[PDB]
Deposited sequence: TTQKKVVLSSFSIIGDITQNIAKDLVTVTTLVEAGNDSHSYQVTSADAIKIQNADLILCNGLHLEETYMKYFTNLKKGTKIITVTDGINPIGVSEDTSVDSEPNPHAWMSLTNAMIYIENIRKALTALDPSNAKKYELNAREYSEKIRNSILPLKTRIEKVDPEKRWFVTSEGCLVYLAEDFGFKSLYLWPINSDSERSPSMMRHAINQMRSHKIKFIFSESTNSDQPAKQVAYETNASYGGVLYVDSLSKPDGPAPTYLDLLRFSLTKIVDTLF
């Protein structure tokens, strides 16, 4: 049985849905851990050796631990599952890519398709199954998320702002035609951006700001006060929740966070 290692929780869940136990899917950065300076353990090095295929996000999400993906099993490739996705930079201009591409309905289809392509190249005798599984999963995602999008699109163009703590929704904003405001581009803080956000909020009379599940709510709350906006609560973007939590799968993560956003905009 072939082994496929996913760099983190969201990618392993996607892969599990496409492969459905035709391969053994593993995860390096498990739910509740962040990729920025994640400590690759000894046990993780075994996962790395056992991999026949390794699936990364790219967009520099894995930058601090890519160096552990060496001395690999002969023939094991590293696939970046965000191929074909036009990156969004972390600056205002030439800058580092924002990694949060999976927070998008369109992109979910690209992750899935890239992962299907690679599983099929790895294990061609099961091609017909990956193809079926991938279509079903895509439909499944679309069915759960399109109604949320449809409702989001009923907002008038002046009132469409995704304000967060981390710049986690820049791709959703582009996918759905919103603009995104936030405090810092990636978890790991500056006063100028806080100042900028407060100004933009006031000018566009923005009513809500969110924090997220792997960061502090203190800044969002403080900015809510300073703008006379409301704190919108916690979104799930950077990691799947633990199994009792509200976002234990990729589909559930998309659904929970877009649901929370849409219920806040209405």
Item to check | Deposited residues without C-alpha coordinates, grouped into stretches that follow sequence order | outcome: 1-3, 97-99, 195-197
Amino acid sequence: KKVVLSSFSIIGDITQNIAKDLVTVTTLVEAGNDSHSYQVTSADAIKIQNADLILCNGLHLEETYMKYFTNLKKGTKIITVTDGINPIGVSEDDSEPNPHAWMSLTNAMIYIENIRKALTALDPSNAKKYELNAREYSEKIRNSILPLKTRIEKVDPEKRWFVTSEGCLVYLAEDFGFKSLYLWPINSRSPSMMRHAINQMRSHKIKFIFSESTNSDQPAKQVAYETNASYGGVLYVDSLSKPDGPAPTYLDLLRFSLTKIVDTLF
From here on, numbers count along this sequence of modelled residues.
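Think of the rigid core as the biggest set of C-alphas that the two forms share within 1.5 Å after superposition.
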Checklist outcome for this item: Comparing 97-105 with 153-161, larger root-mean-square C-alpha distance from this form in 4 other deposited structures of this protein, core superposed, belongs to 153-161
Next on the checklist: If the other structures are each fit on the rigid core, which stretch ends up farther away in C-alpha terms in 4 other deposited structures of this protein, 31-39 or 44-52?
Outcome noted: 31-39
Checklist outcome for this item: Of 40-48 and 212-220, the stretch with the higher mean C-alpha B-factor in the deposited entry is 212-220
Item to check | Stretch with the greater mean C-alpha B-factor as recorded in the entry, comparing 189-197 against 115-123 | outcome: 189-197
Checklist entry - Which one of 105, 78, 148, 90 shows the top CA temperature factor in the record? => result 90
Checklist outcome for this item: Max C-alpha B-factor within the set 141, 163, 110, 134 falls on 163
Next on the checklist: By the recorded C-alpha temperature factor, relative to the other modelled residues in its chain, which third is residue 56 in?
Outcome noted: lowest
Item to check | Among modelled residues of the same chain, the CA temperature factor third for residue 68 | outcome: middle
Checklist outcome for this item: Tertile call for residue 177 (CA temperature factor, within chain, third-based) is the middle
Item to check | Among modelled residues of the same chain, the CA temperature factor third for residue 28 | outcome: lowest
Checklist outcome for this item: Among the modelled residues of its chain, the C-alpha B-factor of residue 155 falls in the third labelled highest
